[PDB]
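Heads up, the thing below is written out as structure tokens.
Protein chains in written order, with our numbering: chain A, 1 to 6; chain B, 1001 to 1200.
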């Protein structure tokens, strides 16, 4: 789970 | 030292005798670096991925210096859009979340009850996220389409503005994106409002 929102 | 969240929390890291820019990302379990050659045994692994799993190479017990602390831990290399320091290495440098502006350690996912529709949910505290991204729900008011990106590609969301969200007792109001997400994400837009910092 690598969450990240650019 | 205290690192605030009005800007992206980028830091210079030293890895395999190379400087790189990476994002301190509490929303990530692991550390994911853009394509590079690392010295080590590595095993094929599949992670995450908007739209499915992305393939990465998994390097174990790699030295990584971050903000002048030396971690030795797992680094995944693959098609991430940004270098990402996840909790596996943030813990090693003794990073915590705090309301520098209650301490939330990073041994586990910083999950926090939020209340937003006048409704109550579990949401990740995510320093690697610019914006707050919420699981599919109805919200009142006007909303415009947006595409946002992460590992694996982009998802389409609805952008609502001036939306009140309560987070661990604090009142935040601003932009919330709604779209097909396994986990609710509280991003920096809101994290900053409520006075959160990365501290180590």
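All C-beta atoms in this analysis are idealised placements derived from N, C-alpha and C, irrespective of residue type, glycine included.
Please name the residue, chosen from the options, that lies closest to residue i on a Cα-to-Cα basis.
i: residue 1200 of chain B; options: B:1081, B:1095, B:1082 and B:1033; result: B:1095
i: residue 1066 of chain B; options: B:1056, B:1059 and B:1089; result: B:1089
i: residue 1101 of chain B; options: B:1192, B:1008 and B:1172; result: B:1192
i: residue 1103 of chain B; options: B:1004, B:1006, B:1198 and B:1190; result: B:1198
i: residue 1006 of chain B; options: B:1072, B:1052, B:1073 and B:1127; result: B:1127
i: residue 1190 of chain B; options: B:1062, B:1141, B:1123 and B:1070; result: B:1123
i: residue 1184 of chain B; options: B:1062, B:1147, B:1004 and B:1135; result: B:1135
i: residue 1075 of chain B; options: B:1010, B:1053, B:1045 and B:1107; result: B:1045
i: residue 1018 of chain B; options: B:1036, B:1160 and B:1194; result: B:1036
i: residue 1156 of chain B; options: B:1058, B:1179 and B:1015; result: B:1179
Determine the burial state of residue i: buried for a count of at least 16 other Cβ atoms within 10 Å of its Cβ, exposed for fewer.
i: residue 959 of chain B; result: The question about residue 959 of chain B has no answer here: the residues shown for chain B are numbered 1001 through 1200.
i: residue 1113 of chain B; result: exposed
i: residue 1164 of chain B; result: exposed
i: residue 1110 of chain B; result: buried
i: residue 1001 of chain B; result: exposed
i: residue 1132 of chain B; result: buried
i: residue 959 of chain B; result: Because chain B spans 1001 through 1200 in this model, residue 959 of chain B falls outside it and cannot be assessed.
i: residue 1182 of chain B; result: exposed
i: residue 1026 of chain B; result: buried
i: residue 1083 of chain B; result: buried
i: residue 1040 of chain B; result: exposed
i: residue 1053 of chain B; result: exposed
i: residue 1012 of chain B; result: exposed
i: residue 1105 of chain B; result: exposed
Is residue i helix, strand or coil by DSSP?
i: residue 1190 of chain B; result: helix
i: residue 1098 of chain B; result: strand
i: residue 1158 of chain B; result: strand
i: residue 1083 of chain B; result: coil
i: residue 1138 of chain B; result: coil
i: residue 1199 of chain B; result: strand
i: residue 1106 of chain B; result: coil
i: residue 1088 of chain B; result: helix
i: residue 1205 of chain B; result: In this structure chain B extends from 1001 to 1200, so residue 1205 of chain B is not present and cannot be described.
i: residue 1012 of chain B; result: strand
i: residue 1045 of chain B; result: strand
i: residue 1036 of chain B; result: coil
i: residue 1023 of chain B; result: strand
At the level of alpha carbons, what is the spacing between residue i and residue j?
i: residue 1118 of chain B; j: residue 1154 of chain B; result: 29 Å
i: residue 1168 of chain B; j: residue 1116 of chain B; result: 12 Å
i: residue 1086 of chain B; j: residue 1170 of chain B; result: 26 Å
i: residue 1020 of chain B; j: residue 1121 of chain B; result: 36 Å
i: residue 1129 of chain B; j: residue 1048 of chain B; result: 15 Å
i: residue 1151 of chain B; j: residue 1097 of chain B; result: 23 Å
i: residue 1176 of chain B; j: residue 1038 of chain B; result: 38 Å
i: residue 1141 of chain B; j: residue 1069 of chain B; result: 46 Å
i: residue 1033 of chain B; j: residue 1051 of chain B; result: 20 Å
i: residue 1072 of chain B; j: residue 1144 of chain B; result: 44 Å
i: residue 1078 of chain B; j: residue 6 of chain A; result: 17 Å
i: residue 1010 of chain B; j: residue 1125 of chain B; result: 17 Å
i: residue 1080 of chain B; j: residue 1058 of chain B; result: 14 Å
key: Positions along the segment 1016–1046 of chain B whose CB lies within less than 8 Å of some CB in chain A   = 1023, 1025, 1027, 1028, 1029, 1030 and 1032
key: Near-chain A residues of the segment 1109–1142 of chain B (beta-carbon distance less than 7 Å), N- to C-terminal order   = 1124, 1126, 1128, 1129, 1130, 1131 and 1133
message = For the segment 1066–1093 of chain B, list every residue whose C-beta sits within 8 Å of some C-beta in chain A, in sequence order.
response = 1080, 1081, 1082, 1084 and 1086
task = Taking a Cβ distance cut-off of 9 Å, strictly less, list which residues of the segment 1177–1195 of chain B are near chain A, in chain order.
result = 1177, 1181, 1182, 1183, 1185 and 1187
Contact set between the segment 1145–1175 of chain B and chain A, restricted to residues whose Cβ is under 7 Å from the partner = 1148, 1149, 1150 and 1151
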